[PDB]
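In: Need the 3D shape of this:
(3 chains)
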Amino acid sequence: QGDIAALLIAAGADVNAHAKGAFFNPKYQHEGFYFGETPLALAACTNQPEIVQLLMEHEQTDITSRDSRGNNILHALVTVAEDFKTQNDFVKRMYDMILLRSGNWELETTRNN
Amino acid sequence: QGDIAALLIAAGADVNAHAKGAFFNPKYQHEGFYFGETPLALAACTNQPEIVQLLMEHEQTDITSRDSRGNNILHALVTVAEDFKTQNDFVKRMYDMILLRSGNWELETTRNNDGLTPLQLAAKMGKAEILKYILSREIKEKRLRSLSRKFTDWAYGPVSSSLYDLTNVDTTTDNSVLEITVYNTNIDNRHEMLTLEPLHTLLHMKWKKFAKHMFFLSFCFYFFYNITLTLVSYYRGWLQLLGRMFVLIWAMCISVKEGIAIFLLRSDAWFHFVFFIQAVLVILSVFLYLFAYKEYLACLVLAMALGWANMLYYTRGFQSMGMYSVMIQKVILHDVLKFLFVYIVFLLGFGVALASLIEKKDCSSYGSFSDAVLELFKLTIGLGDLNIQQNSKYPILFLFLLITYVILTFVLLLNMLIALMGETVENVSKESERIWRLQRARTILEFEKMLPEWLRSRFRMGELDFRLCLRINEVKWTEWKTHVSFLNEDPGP
Amino acid sequence: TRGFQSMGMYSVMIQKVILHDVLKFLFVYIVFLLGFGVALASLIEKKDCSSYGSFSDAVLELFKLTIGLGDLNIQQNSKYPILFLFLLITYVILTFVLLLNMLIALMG
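Out: Numbering: from 1, shown residues only, chains lettered A, B, ... in the order given. See below for the structure:
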């Protein structure tokens, strides 16, 4: 729901929320779904580029955030990424768009835990 | 003629007529055309969906009718259905439309005159394209969702878990789908039906739960039985008399069990016969050893060699060795004995020919027929020596026949055997991984049958208006539809 | 043999053949050899009149027979010569015709 999410953040939602539960940070591939536990990483790793643009245009958004694994958004996009036979390479385009919209070298040179 | 049929039923035609003739209920595939002998089943099995809608909208139509075979319309649609290469899957869509327009569970749970539902009939005749639809049937909209067999209960992102129904598909009932598709003998594509979605994991779960330990336990018992038979046969007091007792009682138990296994089945049963002969020879040697006959040793040696050859039955259980064993079986069937027939006729045709031109101090090895075929058999496995100074009147003809034998066997036949087996090894290698799984599922189900009335606390997941289900988790970044058909709001377990 | 491409690819072919095919054949050949050795050594009665006197000599004489060395004599000191000959012919069919020639087709 892109329009409902836009109406949510236009009403004063928190875009820097962290879903640090056990489902969102699982141990194996079928207990949950690790995506980076931010709304921006969720919109990135589910092929929703319009909400990614709308979240990055919001000036309260913290792109250089680090989660419980120490990962920023680019580590999460690497962790979600797979072959071309499974997903038709939207992850490379999301990496390109987010790195170009950042405009600096801080995201690429950040170490995780 | 759809319009003429509409004008016929609008003028007072009978939609519950039964074409119960001999042409419409034939015996073979070319005398007639079995379709279910109702107008609704005829309009269904000939890809006329408009007349099917028009017939089902008629309130005088009896959808739950049963014909002379006891079949309703769904058994008939199963019976007509075939592959995708013959018909472009209209039968699955007709099944879907008729079952959804029914709106209840009466058609699916109706037995015919053989006592089979449409599910068991599709499993019996081996029709994987309609079976894959029936086993995993997700009806999306509400007001008819008890009609489903799959249930996507939660989904977050690409992750989703689903619940497959297991009511008539599990061995807890009498004549189940899995037992039908495993023990089927008349159908060729069983190994394309066991790879379906609530069956493939259902076999893995009971392999991991109890059947692996039971298979290993049976392997250890048969190995100790063969060792105790082997040492007793090879070395022929008070401490080592229990071993002969363990040989005897296990031989009697195996000959009982394999005998009552053979006499209820009436390729897929070879190892039952070989285990039975290996158990019969031991007790036959015991009965001849209690007499004064010295022919007990000929039975004991045959029971020992066949007993050690029987240990290749336990090469299933490992995938890497089970596929090798089914390669061995396909090579024995397709190539080896076909070579052996031609080699035997060449050997026995040249043996008399070489033994005929020998005149007579044992000056020649080729004195008779038996010595000539022995000397020709030693010459093709590369043993001994080749001497041509025999006691023949025509040495050049003897040499010419011997060179013709060497060309015909060593150059032609034995080296064509390798090139011919390369073809079948190429052919079976994309198929043998499924033949091994089919060979393993039979031992799965026989070990399931061996269990008592209790000890079947090994059944599957609980009640969820409550059916025994089965969780299967899955992930796919392909289509990205929003999820409105979940059974549970909170995703995780 | 790495450092040369033409010999390095041959060496990794050697390694994949050792893993996938050779020892898989060797297991079945060992169980056939040691299953027929006791069977042939059992029906021997007794001047060293027979080569198949014990288990070790029988598996040696069956091992020499599949690499094509020596001679094949069937006038042993057995009580049942026809059963001895039948077991020996079954060994020749099972190893020389079936197993060794399926090894080539499987490694291909």
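In: Just say helix, strand or coil for the residue nearest the centre of chain A.
Out: Central residue of chain A (C-alpha atoms, centre = their mean): residue A:41, 1.0 Å from the mean position. When classified by DSSP: H, G, I helix; E, B strand; the rest coil, residue A:41 comes out as helix.
In: could you check the distance from it over to chain C?
Out: Distance check for residue A:41 against chain C: by C-beta to the nearest C-beta, to the nearest Å, it reads 42 Å. The C-beta positions use only the backbone N, C-alpha and C, and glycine is treated the same way.
In: any idea how far residue C:10 is from that residue?
Out: 49 Å (C-beta to C-beta, to the nearest Å).
In: How about residue A:40?
Out: Residue A:40 is 53 Å from residue C:10, by C-beta to C-beta.
In: Quick one: the helices in chain A, in order.
Out: For chain A, applying DSSP state H gives helices covering A:2-9, A:39-44, A:49-57, A:73-80, A:90-102.
In: can you count the residues close to the nearest residue to residue A:60 once chain neighbours are set aside?
Out: Leaving aside its chain neighbours, residue A:60 sits nearest to residue A:15 (6.0 Å; criterion: C-beta to C-beta, 6 or more residues apart in numbering or on different chains). Look at residue A:15: counted by other C-beta atoms under 10 Å in any protein chain shown, it has 17 neighbours.
In: Residue A:15: what's it in contact with?
Out: A:9, A:39-40, A:55, A:58, A:60-62 (C-beta atoms under 8 Å, 6 or more residues apart in numbering or on different chains).
In: cutoff 10 Å now
Out: A:5, A:8-9, A:38-40, A:54-56, A:58, A:60-62 (C-beta atoms under 10 Å, 6 or more residues apart in numbering or on different chains).
In: got it, and residue A:64?
Out: Counted by C-beta under 10 Å, 6+ apart, residue A:64 has contacts A:72-73, A:102, A:104, A:106-107, A:110.
In: among those residues, which ones are buried?
Out: Among those, those scoring as buried are A:72-73, A:102, A:107 (criterion: 16 or more other C-beta atoms under 10 Å in any protein chain shown).
In: Which of those sits closest to chain B?
Out: residue A:73 (15.9 Å; C-beta to the nearest C-beta).
In: doesn't residue A:63 make contact with the closest one?
Out: Yes. With contact defined as C-beta atoms under 10 Å, residue A:73 and residue A:63 form a contacting pair (6.6 Å).
In: intersection of neighbour lists for these two?
Out: Joint contacts of residue A:73 and residue A:63 (C-beta under 10 Å, 6+ apart) are A:38, A:40, A:98, A:102, A:107.
In: what's near enough to touch the third one?
Out: Put plainly, it is residue A:98. By C-beta under 10 Å, 6+ apart, the neighbours of residue A:98 are A:40-41, A:44, A:49, A:52, A:56, A:63, A:72-74, A:77, A:107.
In: how close does it get to chain C?
Out: 41 Å.
In: The first one too?
Out: Residue A:38 sits 45 Å away from chain C, going by C-beta to the nearest C-beta.
In: Can you report how many residues neighbour the closest residue to that residue other than its chain neighbours?
Out: Ranked by C-beta to C-beta, 6+ apart and with sequence neighbours excluded, the top spatial neighbour of residue A:38 is residue A:65, at 6.1 Å. Using other C-beta under 10 Å, residue A:65 has 16 other residues around it.
In: what residues are up against residue A:65?
Out: So residue A:65 contacts A:16, A:18, A:36-38, A:40-41, A:71-73 (C-beta under 10 Å, 6+ apart).
In: let's see it at 7 Å
Out: Residue A:65 makes contacts with A:16, A:38, A:72, as judged by C-beta atoms under 7 Å, 6 or more residues apart in numbering or on different chains.
In: can you check residue A:41 too?
Out: If you count contacts by C-beta under 7 Å, 6+ apart, then residue A:41 has A:35, A:73, A:76 around it.
In: Distance across stretch A:101-113, terminal residue to terminal residue?
Out: 25 Å (C-alpha to C-alpha, to the nearest Å).
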